[PDB]
$ cat target-v2.txt   # compact mmCIF, C-alpha atoms and all ligand atoms
# COMPACT_ATOMS: atom_id res chain seq x y z
CA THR A 17 0.00 0.00 0.00
CA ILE A 18 2.81 2.40 0.89
CA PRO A 19 5.36 3.66 -1.67
CA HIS A 20 8.98 2.54 -1.64
CA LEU A 21 11.60 5.18 -2.41
CA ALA A 22 15.33 4.96 -3.05
CA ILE A 23 16.06 8.43 -1.62
CA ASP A 24 18.99 8.24 0.80
CA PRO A 25 18.40 10.91 3.47
CA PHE A 26 21.94 10.27 4.76
CA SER A 27 23.75 10.92 1.46
CA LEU A 28 25.82 13.99 0.64
CA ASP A 29 23.46 14.85 -2.24
CA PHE A 30 20.53 14.98 0.19
CA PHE A 31 22.52 17.02 2.72
CA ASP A 32 23.53 19.51 0.02
CA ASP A 33 19.91 20.32 -0.89
CA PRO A 34 17.20 18.26 0.84
CA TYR A 35 14.20 20.38 -0.10
CA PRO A 36 13.25 18.79 -3.47
CA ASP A 37 13.60 15.27 -2.08
CA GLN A 38 11.53 16.28 0.95
CA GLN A 39 8.68 17.40 -1.30
CA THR A 40 8.97 14.06 -3.10
CA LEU A 41 8.76 12.29 0.27
CA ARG A 42 5.80 14.40 1.43
CA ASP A 43 3.92 14.01 -1.86
CA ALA A 44 4.52 10.26 -2.19
CA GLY A 45 2.17 9.70 0.75
CA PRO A 46 1.80 10.11 4.51
CA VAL A 47 4.04 7.07 5.15
CA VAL A 48 6.84 5.87 2.87
CA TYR A 49 9.34 3.02 2.98
CA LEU A 50 13.01 3.89 2.41
CA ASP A 51 14.54 0.85 0.71
CA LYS A 52 18.11 2.10 1.22
CA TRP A 53 17.92 1.58 4.99
CA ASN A 54 14.80 -0.59 5.55
CA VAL A 55 12.99 2.05 7.62
CA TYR A 56 9.69 3.84 7.38
CA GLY A 57 9.63 7.57 6.77
CA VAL A 58 7.19 10.37 7.57
CA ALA A 59 7.84 13.81 6.08
CA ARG A 60 4.52 15.67 6.46
CA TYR A 61 3.78 17.80 9.51
CA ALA A 62 0.71 15.79 10.52
CA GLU A 63 2.45 12.41 10.77
CA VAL A 64 5.68 13.78 12.28
CA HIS A 65 3.59 15.49 14.96
CA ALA A 66 1.47 12.37 15.52
CA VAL A 67 4.56 10.16 15.94
CA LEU A 68 6.29 12.54 18.35
CA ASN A 69 3.14 12.73 20.50
CA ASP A 70 2.60 8.96 20.91
CA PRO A 71 5.71 7.89 22.86
CA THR A 72 4.11 4.59 23.91
CA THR A 73 3.73 3.34 20.33
CA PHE A 74 6.78 5.16 18.91
CA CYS A 75 9.32 4.68 21.68
CA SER A 76 12.75 6.22 22.23
CA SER A 77 14.34 3.55 24.47
CA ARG A 78 15.32 1.48 21.43
CA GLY A 79 17.33 4.49 20.21
CA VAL A 80 16.51 7.60 18.19
CA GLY A 81 19.17 6.72 15.62
CA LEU A 82 19.00 4.05 12.94
CA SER A 83 20.42 1.45 15.32
CA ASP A 84 17.83 -0.56 17.25
CA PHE A 85 19.13 -1.02 20.80
CA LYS A 86 17.18 -4.29 20.95
CA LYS A 87 19.43 -5.58 18.14
CA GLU A 88 22.77 -3.75 18.49
CA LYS A 89 24.71 -2.32 21.38
CA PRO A 90 24.62 1.50 21.68
CA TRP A 91 27.89 3.20 20.80
CA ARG A 92 27.85 4.78 24.28
CA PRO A 93 25.73 4.10 27.39
CA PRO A 94 22.17 5.27 26.66
CA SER A 95 21.13 8.77 27.62
CA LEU A 96 18.98 8.73 30.75
CA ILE A 97 16.59 11.24 29.14
CA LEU A 98 16.78 11.12 25.33
CA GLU A 99 16.93 7.32 25.07
CA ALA A 100 14.41 6.55 27.82
CA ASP A 101 10.64 6.18 27.76
CA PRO A 102 8.13 7.09 30.47
CA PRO A 103 8.19 6.38 33.35
CA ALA A 104 12.00 6.07 33.43
CA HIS A 105 12.24 9.30 31.41
CA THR A 106 10.08 11.32 33.79
CA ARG A 107 12.29 12.07 36.77
CA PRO A 108 15.55 12.79 34.87
CA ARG A 109 13.48 15.02 32.58
CA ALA A 110 12.12 16.89 35.60
CA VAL A 111 15.63 17.50 36.95
CA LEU A 112 16.89 18.92 33.65
CA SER A 113 13.69 20.98 33.35
CA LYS A 114 14.45 22.60 36.72
CA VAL A 115 18.18 23.02 35.99
CA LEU A 116 17.33 24.82 32.72
CA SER A 117 14.15 26.39 34.10
CA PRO A 118 12.56 29.77 33.36
CA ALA A 119 13.89 30.90 36.75
CA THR A 120 17.43 29.80 35.86
CA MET A 121 17.37 31.92 32.70
CA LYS A 122 17.19 35.06 34.86
CA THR A 123 20.52 34.19 36.49
CA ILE A 124 22.40 33.93 33.16
CA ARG A 125 20.62 36.40 30.86
CA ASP A 126 22.70 39.47 31.75
CA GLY A 127 26.00 37.69 31.13
CA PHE A 128 24.79 36.02 27.94
CA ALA A 129 23.61 39.35 26.51
CA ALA A 130 26.84 41.14 27.45
CA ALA A 131 28.93 38.48 25.70
CA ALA A 132 26.73 38.76 22.60
CA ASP A 133 27.09 42.55 22.48
CA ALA A 134 30.84 42.22 23.04
CA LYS A 135 31.23 39.64 20.27
CA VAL A 136 29.39 41.82 17.75
CA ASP A 137 31.47 44.85 18.76
CA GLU A 138 34.63 42.80 18.23
CA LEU A 139 33.48 41.45 14.86
CA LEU A 140 32.59 44.96 13.68
CA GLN A 141 36.23 45.94 14.25
CA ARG A 142 37.31 43.24 11.78
CA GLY A 143 34.53 43.97 9.27
CA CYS A 144 34.99 40.87 7.11
CA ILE A 145 34.44 37.75 9.23
CA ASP A 146 33.30 34.13 9.02
CA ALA A 147 29.83 34.08 10.57
CA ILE A 148 30.29 30.42 11.54
CA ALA A 149 33.72 30.18 13.16
CA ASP A 150 33.82 33.78 14.39
CA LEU A 151 30.18 34.15 15.45
CA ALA A 152 27.84 31.15 15.39
CA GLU A 153 30.55 28.91 16.88
CA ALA A 154 32.49 31.50 18.88
CA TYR A 155 29.53 32.91 20.80
CA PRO A 156 28.06 29.68 22.31
CA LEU A 157 31.58 28.56 23.20
CA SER A 158 32.03 31.86 25.04
CA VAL A 159 28.98 31.43 27.32
CA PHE A 160 27.80 27.84 27.60
CA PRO A 161 30.93 25.99 28.87
CA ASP A 162 31.23 28.63 31.59
CA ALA A 163 27.54 28.31 32.47
CA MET A 164 28.10 24.55 32.71
CA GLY A 165 30.97 25.06 35.14
CA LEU A 166 33.61 23.47 32.92
CA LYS A 167 37.29 24.15 33.38
CA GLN A 168 39.11 25.86 30.53
CA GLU A 169 41.45 23.03 29.51
CA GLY A 170 40.00 20.50 27.10
CA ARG A 171 37.14 22.58 25.69
CA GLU A 172 38.44 21.83 22.18
CA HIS A 173 36.77 18.42 22.64
CA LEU A 174 33.27 19.91 22.86
CA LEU A 175 32.56 20.59 19.19
CA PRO A 176 33.95 17.20 18.03
CA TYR A 177 31.90 15.37 20.66
CA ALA A 178 28.68 17.15 19.68
CA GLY A 179 29.20 16.38 16.00
CA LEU A 180 30.01 12.78 16.92
CA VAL A 181 26.77 12.38 18.91
CA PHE A 182 24.61 13.52 16.00
CA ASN A 183 26.56 11.63 13.34
CA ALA A 184 26.03 8.51 15.46
CA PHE A 185 22.24 8.78 15.03
CA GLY A 186 22.81 8.05 11.35
CA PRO A 187 23.36 4.75 9.59
CA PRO A 188 26.78 3.07 9.67
CA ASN A 189 28.02 5.16 6.74
CA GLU A 190 31.45 6.79 6.47
CA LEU A 191 30.36 9.93 8.35
CA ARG A 192 29.29 7.86 11.35
CA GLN A 193 32.09 5.29 11.38
CA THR A 194 34.92 7.81 11.01
CA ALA A 195 33.45 9.90 13.82
CA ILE A 196 33.32 6.86 16.10
CA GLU A 197 36.85 5.85 15.06
CA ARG A 198 38.29 9.14 16.38
CA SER A 199 35.93 9.42 19.37
CA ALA A 200 38.00 7.94 22.22
CA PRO A 201 39.75 11.16 23.40
CA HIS A 202 36.49 13.12 23.20
CA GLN A 203 34.55 10.49 25.16
CA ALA A 204 37.31 10.40 27.78
CA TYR A 205 37.26 14.18 28.21
CA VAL A 206 33.46 14.42 28.35
CA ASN A 207 32.96 11.54 30.79
CA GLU A 208 35.59 12.96 33.15
CA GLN A 209 34.02 16.44 33.25
CA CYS A 210 30.72 14.83 34.30
CA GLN A 211 32.09 13.98 37.76
CA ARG A 212 31.00 16.32 40.54
CA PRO A 213 34.48 17.64 41.54
CA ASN A 214 35.11 18.87 37.97
CA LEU A 215 32.02 21.11 37.77
CA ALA A 216 32.40 24.63 39.16
CA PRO A 217 29.97 25.82 41.86
CA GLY A 218 26.80 27.50 40.63
CA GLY A 219 26.89 26.01 37.12
CA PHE A 220 24.47 23.66 35.41
CA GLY A 221 26.61 20.61 36.15
CA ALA A 222 26.86 21.33 39.87
CA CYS A 223 23.10 21.97 39.92
CA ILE A 224 22.41 18.54 38.43
CA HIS A 225 24.54 16.89 41.11
CA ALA A 226 22.73 18.95 43.76
CA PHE A 227 19.42 17.35 42.74
CA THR A 228 20.66 13.92 43.84
CA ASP A 229 19.53 14.86 47.35
CA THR A 230 15.85 15.09 46.46
CA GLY A 231 14.98 11.56 45.37
CA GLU A 232 14.53 12.59 41.74
CA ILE A 233 17.91 11.18 40.66
CA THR A 234 20.59 9.21 42.48
CA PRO A 235 24.27 10.22 42.70
CA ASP A 236 25.21 7.51 40.18
CA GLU A 237 22.72 8.99 37.67
CA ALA A 238 24.11 12.54 37.78
CA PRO A 239 27.22 12.03 35.57
CA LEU A 240 25.14 10.73 32.65
CA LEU A 241 22.63 13.56 33.08
CA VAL A 242 25.51 16.05 32.93
CA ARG A 243 26.68 14.21 29.81
CA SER A 244 23.39 15.16 28.15
CA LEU A 245 24.28 18.86 28.42
CA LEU A 246 27.69 18.16 26.84
CA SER A 247 26.09 16.16 24.00
CA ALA A 248 23.06 18.22 22.97
CA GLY A 249 22.77 21.97 22.64
CA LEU A 250 26.10 23.03 21.13
CA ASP A 251 25.96 22.15 17.44
CA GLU A 252 22.21 22.82 17.20
CA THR A 253 22.55 26.31 18.68
CA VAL A 254 25.61 27.06 16.53
CA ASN A 255 23.72 25.94 13.43
CA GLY A 256 20.62 27.89 14.45
CA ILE A 257 22.56 31.12 14.98
CA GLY A 258 24.44 30.58 11.73
CA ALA A 259 21.16 29.91 9.93
CA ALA A 260 19.69 33.13 11.35
CA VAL A 261 22.65 35.18 10.10
CA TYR A 262 22.42 33.36 6.76
CA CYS A 263 18.73 34.26 6.51
CA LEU A 264 19.29 37.90 7.44
CA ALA A 265 22.02 38.06 4.78
CA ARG A 266 19.78 36.42 2.17
CA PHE A 267 16.62 38.35 3.12
CA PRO A 268 17.80 41.96 3.66
CA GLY A 269 14.21 43.16 4.08
CA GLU A 270 13.94 41.01 7.20
CA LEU A 271 17.16 42.42 8.65
CA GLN A 272 15.67 45.87 8.08
CA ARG A 273 12.48 44.86 9.90
CA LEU A 274 14.54 43.45 12.78
CA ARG A 275 16.63 46.64 12.97
CA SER A 276 13.45 48.71 13.17
CA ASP A 277 12.09 46.57 16.03
CA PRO A 278 14.84 44.67 17.88
CA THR A 279 12.18 43.09 20.12
CA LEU A 280 11.50 40.74 17.17
CA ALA A 281 14.91 39.13 17.85
CA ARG A 282 13.44 36.17 19.75
CA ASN A 283 10.90 35.39 17.02
CA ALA A 284 13.51 35.98 14.31
CA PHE A 285 15.56 33.19 15.89
CA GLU A 286 12.52 30.93 16.31
CA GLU A 287 11.72 31.41 12.62
CA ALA A 288 15.32 30.49 11.79
CA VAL A 289 14.87 27.26 13.78
CA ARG A 290 11.74 26.53 11.74
CA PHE A 291 13.23 27.61 8.40
CA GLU A 292 16.63 25.87 8.63
CA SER A 293 15.90 23.28 11.32
CA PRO A 294 19.29 22.49 12.92
CA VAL A 295 18.11 18.93 13.61
CA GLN A 296 16.71 17.56 10.35
CA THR A 297 15.89 13.92 11.16
CA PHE A 298 15.79 11.28 13.88
CA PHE A 299 13.96 8.05 14.63
CA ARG A 300 11.40 6.29 16.78
CA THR A 301 10.85 2.53 17.08
CA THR A 302 7.40 0.93 17.02
CA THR A 303 6.45 -1.12 20.08
CA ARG A 304 3.43 -2.68 18.35
CA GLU A 305 1.68 -2.95 15.03
CA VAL A 306 0.24 0.51 14.37
CA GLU A 307 -1.94 2.24 11.78
CA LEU A 308 -0.38 5.57 10.82
CA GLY A 309 -1.80 7.68 8.00
CA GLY A 310 -3.71 4.69 6.66
CA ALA A 311 -0.56 2.53 6.66
CA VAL A 312 0.07 -0.54 8.81
CA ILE A 313 3.55 -0.57 10.38
CA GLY A 314 4.67 -3.71 12.20
CA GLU A 315 6.28 -3.99 15.62
CA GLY A 316 9.96 -3.24 16.05
CA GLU A 317 10.24 -1.01 12.97
CA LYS A 318 12.33 2.14 12.73
CA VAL A 319 10.39 5.27 11.77
CA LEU A 320 12.39 8.20 10.40
CA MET A 321 10.87 11.65 10.96
CA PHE A 322 11.78 14.61 8.73
CA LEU A 323 11.59 17.59 11.10
CA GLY A 324 12.81 20.17 8.60
CA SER A 325 10.31 18.82 6.07
CA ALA A 326 7.44 19.05 8.57
CA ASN A 327 8.49 22.67 9.15
CA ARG A 328 8.14 23.40 5.41
CA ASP A 329 4.99 21.35 4.74
CA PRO A 330 2.55 23.58 2.78
CA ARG A 331 -0.28 21.51 4.26
CA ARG A 332 0.56 23.23 7.57
CA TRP A 333 2.39 26.47 6.69
CA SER A 334 1.57 29.42 4.47
CA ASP A 335 4.59 30.31 2.31
CA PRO A 336 6.79 27.74 4.10
CA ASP A 337 9.91 28.53 2.05
CA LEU A 338 9.93 32.21 3.08
CA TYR A 339 11.84 33.55 6.08
CA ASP A 340 9.37 35.76 7.99
CA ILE A 341 10.42 37.12 11.39
CA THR A 342 6.82 38.02 12.24
CA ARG A 343 5.48 34.56 11.36
CA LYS A 344 3.31 32.80 13.92
CA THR A 345 5.87 30.05 14.54
CA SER A 346 4.00 28.23 17.34
CA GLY A 347 3.65 24.56 16.42
CA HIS A 348 6.89 24.09 14.49
CA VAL A 349 8.74 20.89 15.36
CA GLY A 350 12.31 22.23 15.26
CA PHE A 351 12.52 21.56 19.00
CA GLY A 352 10.42 18.41 18.77
CA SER A 353 7.02 17.99 20.38
CA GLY A 354 5.55 16.16 23.35
CA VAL A 355 7.30 14.62 26.34
CA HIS A 356 10.81 14.86 24.81
CA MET A 357 10.45 18.40 23.43
CA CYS A 358 13.86 20.06 23.78
CA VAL A 359 14.48 20.51 27.50
CA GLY A 360 17.20 23.03 26.65
CA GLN A 361 14.96 25.18 24.43
CA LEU A 362 15.06 28.13 26.84
CA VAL A 363 18.88 28.21 26.71
CA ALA A 364 18.87 28.00 22.90
CA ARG A 365 16.30 30.77 22.56
CA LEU A 366 18.22 32.94 25.02
CA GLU A 367 21.48 32.55 23.08
CA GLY A 368 19.77 33.12 19.74
CA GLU A 369 17.75 36.09 20.99
CA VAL A 370 20.62 38.04 22.54
CA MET A 371 22.84 37.49 19.50
CA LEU A 372 20.16 38.65 17.08
CA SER A 373 19.43 41.57 19.42
CA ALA A 374 23.08 42.64 19.30
CA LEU A 375 23.05 42.41 15.50
CA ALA A 376 19.75 44.31 15.33
CA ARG A 377 21.17 47.23 17.33
CA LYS A 378 24.75 47.40 16.02
CA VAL A 379 24.72 46.17 12.39
CA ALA A 380 23.26 47.97 9.38
CA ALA A 381 24.01 45.39 6.68
CA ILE A 382 25.16 41.78 6.35
CA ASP A 383 26.62 40.94 2.94
CA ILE A 384 27.94 37.55 1.89
CA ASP A 385 31.41 38.23 0.49
CA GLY A 386 32.89 34.76 0.04
CA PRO A 387 32.08 31.16 -0.87
CA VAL A 388 29.45 29.61 1.39
CA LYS A 389 30.38 26.09 2.49
CA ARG A 390 27.98 23.54 3.96
CA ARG A 391 28.77 21.32 6.94
CA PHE A 392 27.76 17.67 6.58
CA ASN A 393 26.27 15.61 9.42
CA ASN A 394 23.95 12.61 9.44
CA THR A 395 21.22 14.47 11.34
CA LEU A 396 22.28 18.13 11.65
CA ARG A 397 21.95 20.87 9.03
CA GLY A 398 24.34 23.80 9.23
CA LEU A 399 27.02 25.79 7.47
CA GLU A 400 30.76 25.22 7.63
CA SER A 401 31.73 28.71 6.46
CA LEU A 402 29.71 31.92 5.96
CA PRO A 403 31.99 34.80 4.92
CA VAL A 404 30.15 38.07 5.50
CA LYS A 405 30.96 41.76 5.70
CA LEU A 406 29.27 43.47 8.65
CA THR A 407 28.49 47.15 8.19
CA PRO A 408 28.10 49.08 11.46
CA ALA A 409 24.92 51.00 12.17
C1 LIG B 501 18.46 25.53 18.27
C2 LIG B 501 18.87 24.72 19.26
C3 LIG B 501 18.25 23.33 19.58
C4 LIG B 501 17.50 22.53 18.80
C5 LIG B 501 17.06 22.74 17.34
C6 LIG B 501 17.18 21.35 19.58
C7 LIG B 501 16.42 20.28 19.14
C8 LIG B 501 15.93 19.26 19.93
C9 LIG B 501 14.94 18.28 19.56
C10 LIG B 501 14.23 18.19 18.19
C11 LIG B 501 14.75 17.46 20.61
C12 LIG B 501 13.78 16.26 20.67
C13 LIG B 501 14.52 14.94 20.47
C14 LIG B 501 13.52 13.80 20.47
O1 LIG B 501 12.29 14.07 20.53
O2 LIG B 501 13.94 12.61 20.42
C15 LIG B 501 15.62 17.90 21.68
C16 LIG B 501 15.75 17.32 22.93
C17 LIG B 501 16.73 17.65 23.85
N1 LIG B 501 17.54 18.77 23.82
FE1 LIG B 501 17.59 20.15 22.31
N2 LIG B 501 17.73 21.49 20.83
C18 LIG B 501 18.40 22.69 20.86
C19 LIG B 501 19.09 23.21 21.94
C20 LIG B 501 19.39 22.51 23.09
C21 LIG B 501 20.15 23.01 24.21
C22 LIG B 501 20.75 24.44 24.25
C23 LIG B 501 20.25 22.03 25.12
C24 LIG B 501 20.94 22.04 26.51
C25 LIG B 501 21.30 23.14 27.17
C26 LIG B 501 19.51 20.88 24.61
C27 LIG B 501 19.34 19.67 25.24
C28 LIG B 501 18.39 18.72 24.91
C29 LIG B 501 18.09 17.51 25.64
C30 LIG B 501 18.79 17.04 26.94
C31 LIG B 501 17.10 16.87 25.01
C32 LIG B 501 16.43 15.54 25.43
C33 LIG B 501 15.06 15.88 26.02
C34 LIG B 501 14.25 14.64 26.32
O3 LIG B 501 14.57 13.56 25.76
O4 LIG B 501 13.29 14.74 27.14
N3 LIG B 501 19.00 21.22 23.37
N4 LIG B 501 16.33 18.99 21.23
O1 LIG B 502 20.90 13.31 26.36
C1 LIG B 502 21.65 13.45 25.35
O2 LIG B 502 22.85 13.08 25.37
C2 LIG B 502 21.03 13.97 24.06
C3 LIG B 502 19.77 14.53 24.14
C4 LIG B 502 19.16 14.96 22.98
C5 LIG B 502 19.82 14.86 21.77
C6 LIG B 502 19.07 15.29 20.52
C7 LIG B 502 18.77 14.25 19.65
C8 LIG B 502 18.05 14.52 18.50
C9 LIG B 502 17.64 15.83 18.27
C10 LIG B 502 17.97 16.80 19.21
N1 LIG B 502 18.66 16.52 20.30
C11 LIG B 502 21.07 14.28 21.68
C12 LIG B 502 21.69 13.83 22.85
CL CL B 503 30.84 9.41 25.85

$ encode --input "target-v2.txt" --output "structure tokens"
Amino acid sequence: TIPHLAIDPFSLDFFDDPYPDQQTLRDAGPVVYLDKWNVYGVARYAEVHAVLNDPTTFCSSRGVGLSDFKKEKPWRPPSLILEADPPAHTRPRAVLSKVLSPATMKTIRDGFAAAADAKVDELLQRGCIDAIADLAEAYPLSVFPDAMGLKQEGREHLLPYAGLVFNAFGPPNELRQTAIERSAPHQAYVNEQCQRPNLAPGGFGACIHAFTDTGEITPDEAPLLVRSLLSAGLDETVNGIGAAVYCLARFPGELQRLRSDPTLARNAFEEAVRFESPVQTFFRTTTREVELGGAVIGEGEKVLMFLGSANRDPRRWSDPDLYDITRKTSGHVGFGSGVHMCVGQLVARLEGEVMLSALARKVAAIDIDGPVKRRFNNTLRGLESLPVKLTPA
């Protein structure tokens, strides 16, 4: 009943420009079968949203990558939050929700905004910069490791580890296997920083360990929960900030609207998350035979969701391929949906907002002035290089 397609959503051709193939996947039907990897695929908003919001049928404890943890061993010990289902997911999720809570954002907002303003001031002195290395990468590295409580030495492992984590959700292709081959020093660094004595007082890591007193998590659970904040959040936020700068460079009318009302900075970043979804794909595993979109999927089957495709589905969005900083973005799935919806979303929005605010107030024009290079990852979408000239306001 369901169409079989040979599209490889983990190929370099797909990474380079996924949007035509995503229309083909959406228009083939609500549920497709991807013969290249023997998985089901859903690329329309409706089915992506339905899958994310039924965690009992479409579980996460068998992995959110291609690998089925019932059949293969995970490349690293499973995440206590991402790779767990309710009820095991519930208490670790609550701890991270309180560590990264609305109240916590007040304690870090002033410092995050100051670092964003300072970075833009510094970049304006150079004029011609790389908006990835010098901005989208440099800014999160200047605020988040400190907010975690990490020491200075060894931070060069953070970007490789994040890219490794998201490559490892993919199939065993060259991108994944080469990342795992070089992973040992990054794993060793990350696992060591998760121990309580290595996390500075007042930071996110120390706060996680402090929750072991409440009954929500035990002391032996805290290192892995800290590991979550050294796995997720870096590359996605980098890619989101880079995408926002890319969009403001490509859509100068939107930069002009943002300059005229810098309070649109938060929604300008949210629209960038919808428009160039930093996380493009990941999986669920069926725990039973299930009818989805008129299709019957058997038990123990991997289901690949196309988050970026759902965020550009014309069945759900008006003018989905336009970047609109006043768009009503509520409902996009760039942060997921349901019980696993990004627990770090307040940190990401804070970083994105204060950076776009600094650009809105200090920059008059953003002009691409060099070759734009794409960064390739099995599940992340982002730029490798974005040469731009910043004109001061
Ligand atoms: C633009 C930036 C970000 C994007 C696009 C993003 C995307 C996502 C998505 C789609 C999920 C759902 C995964 C699933 O349903 O299986 C998720 C979960 C998660 N995110 Fe993010 N994220 C971002 C920033 C962050 C930050 C800054 C942090 C940490 C400070 C973080 C930590 C996490 C964690 C721990 C989870 C697992 C939540 C759970 O399983 O309950 N993320 N993220
Ligand atoms: O708990 C962790 O280590 C972890 C949590 C979440 C992610 C993630 C996965 C897919 C999309 C967005 N985020 C990765 C790792
Ligand atoms: Cl690890």

$ residues_near_ligand --input "target-v2.txt" --ligand "ligand LIG 502 (chain B)" --cutoff "6 Å" --atoms "only C-alpha atoms and all ligand atoms" --output "NGL selection string"
:A and (95 or 97-98 or 243-244 or 247-248 or 295)

$ closest_atom_pairs --input "target-v2.txt" --of "chain A" --to "ligand CL 503 (chain B)" --cutoff "10 Å" --atoms "all atoms listed in the file" --output "Markdown table"
| residue | atom | partner | partner_atom | distance |
| --- | --- | --- | --- | --- |
| A:91 | CA | B:CL503 | CL | 8.5 |
| A:92 | CA | B:CL503 | CL | 5.7 |
| A:93 | CA | B:CL503 | CL | 7.5 |
| A:94 | CA | B:CL503 | CL | 9.6 |
| A:95 | CA | B:CL503 | CL | 9.9 |
| A:177 | CA | B:CL503 | CL | 8.0 |
| A:180 | CA | B:CL503 | CL | 9.6 |
| A:181 | CA | B:CL503 | CL | 8.6 |
| A:199 | CA | B:CL503 | CL | 8.2 |
| A:200 | CA | B:CL503 | CL | 8.2 |
| A:201 | CA | B:CL503 | CL | 9.4 |
| A:202 | CA | B:CL503 | CL | 7.3 |
| A:203 | CA | B:CL503 | CL | 3.9 |
| A:204 | CA | B:CL503 | CL | 6.8 |
| A:205 | CA | B:CL503 | CL | 8.3 |
| A:206 | CA | B:CL503 | CL | 6.2 |
| A:207 | CA | B:CL503 | CL | 5.8 |
| A:208 | CA | B:CL503 | CL | 9.4 |
| A:240 | CA | B:CL503 | CL | 9.0 |
| A:243 | CA | B:CL503 | CL | 7.5 |
| A:244 | CA | B:CL503 | CL | 9.7 |
| A:246 | CA | B:CL503 | CL | 9.4 |
| A:247 | CA | B:CL503 | CL | 8.5 |

$ closest_atom_pairs --input "target-v2.txt" --of "chain A" --to "ligand LIG 501 (chain B)" --cutoff "8 Å" --atoms "all atoms listed in the file" --output "CSV"
residue,atom,partner,partner_atom,distance
A:68,CA,B:LIG501,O1,6.6
A:76,CA,B:LIG501,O2,6.7
A:80,CA,B:LIG501,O2,6.1
A:97,CA,B:LIG501,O3,4.6
A:98,CA,B:LIG501,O3,3.3
A:99,CA,B:LIG501,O3,6.7
A:100,CA,B:LIG501,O3,7.3
A:105,CA,B:LIG501,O4,7.0
A:109,CA,B:LIG501,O4,5.5
A:112,CA,B:LIG501,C30,7.2
A:116,CA,B:LIG501,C25,7.0
A:244,CA,B:LIG501,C30,5.1
A:245,CA,B:LIG501,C24,5.0
A:246,CA,B:LIG501,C24,7.8
A:247,CA,B:LIG501,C27,7.7
A:248,CA,B:LIG501,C27,4.6
A:249,CA,B:LIG501,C21,3.2
A:250,CA,B:LIG501,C22,6.4
A:251,CA,B:LIG501,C2,7.8
A:252,CA,B:LIG501,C2,4.4
A:253,CA,B:LIG501,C2,4.1
A:254,CA,B:LIG501,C1,7.5
A:255,CA,B:LIG501,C1,7.2
A:256,CA,B:LIG501,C1,5.0
A:257,CA,B:LIG501,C1,7.7
A:289,CA,B:LIG501,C1,6.0
A:293,CA,B:LIG501,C5,6.2
A:294,CA,B:LIG501,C5,5.0
A:295,CA,B:LIG501,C5,5.4
A:298,CA,B:LIG501,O2,6.9
A:299,CA,B:LIG501,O2,7.4
A:300,CA,B:LIG501,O2,7.7
A:323,CA,B:LIG501,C10,7.6
A:349,CA,B:LIG501,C10,6.7
A:350,CA,B:LIG501,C5,5.2
A:351,CA,B:LIG501,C10,3.9
A:352,CA,B:LIG501,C10,3.9
A:353,CA,B:LIG501,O1,6.6
A:354,CA,B:LIG501,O1,7.6
A:355,CA,B:LIG501,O4,6.0
A:356,CA,B:LIG501,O4,3.4
A:357,CA,B:LIG501,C12,4.8
A:358,CA,B:LIG501,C16,3.4
A:359,CA,B:LIG501,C33,4.9
A:360,CA,B:LIG501,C23,3.6
A:361,CA,B:LIG501,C19,5.2
A:362,CA,B:LIG501,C22,7.3
A:363,CA,B:LIG501,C22,4.9
A:364,CA,B:LIG501,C22,4.2
A:365,CA,B:LIG501,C1,7.1
A:368,CA,B:LIG501,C1,7.8

$ write_last_selection --input "target-v2.txt" --atoms "C-alpha atoms" --output "compact mmCIF listing (two decimals), in the coordinates of the input"
# COMPACT_ATOMS: atom_id res chain seq x y z
CA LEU A 68 6.29 12.54 18.35
CA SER A 76 12.75 6.22 22.23
CA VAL A 80 16.51 7.60 18.19
CA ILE A 97 16.59 11.24 29.14
CA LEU A 98 16.78 11.12 25.33
CA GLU A 99 16.93 7.32 25.07
CA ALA A 100 14.41 6.55 27.82
CA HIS A 105 12.24 9.30 31.41
CA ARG A 109 13.48 15.02 32.58
CA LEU A 112 16.89 18.92 33.65
CA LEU A 116 17.33 24.82 32.72
CA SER A 244 23.39 15.16 28.15
CA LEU A 245 24.28 18.86 28.42
CA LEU A 246 27.69 18.16 26.84
CA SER A 247 26.09 16.16 24.00
CA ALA A 248 23.06 18.22 22.97
CA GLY A 249 22.77 21.97 22.64
CA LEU A 250 26.10 23.03 21.13
CA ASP A 251 25.96 22.15 17.44
CA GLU A 252 22.21 22.82 17.20
CA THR A 253 22.55 26.31 18.68
CA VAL A 254 25.61 27.06 16.53
CA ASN A 255 23.72 25.94 13.43
CA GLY A 256 20.62 27.89 14.45
CA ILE A 257 22.56 31.12 14.98
CA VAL A 289 14.87 27.26 13.78
CA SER A 293 15.90 23.28 11.32
CA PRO A 294 19.29 22.49 12.92
CA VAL A 295 18.11 18.93 13.61
CA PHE A 298 15.79 11.28 13.88
CA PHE A 299 13.96 8.05 14.63
CA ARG A 300 11.40 6.29 16.78
CA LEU A 323 11.59 17.59 11.10
CA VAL A 349 8.74 20.89 15.36
CA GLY A 350 12.31 22.23 15.26
CA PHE A 351 12.52 21.56 19.00
CA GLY A 352 10.42 18.41 18.77
CA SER A 353 7.02 17.99 20.38
CA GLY A 354 5.55 16.16 23.35
CA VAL A 355 7.30 14.62 26.34
CA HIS A 356 10.81 14.86 24.81
CA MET A 357 10.45 18.40 23.43
CA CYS A 358 13.86 20.06 23.78
CA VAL A 359 14.48 20.51 27.50
CA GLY A 360 17.20 23.03 26.65
CA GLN A 361 14.96 25.18 24.43
CA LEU A 362 15.06 28.13 26.84
CA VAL A 363 18.88 28.21 26.71
CA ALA A 364 18.87 28.00 22.90
CA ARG A 365 16.30 30.77 22.56
CA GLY A 368 19.77 33.12 19.74
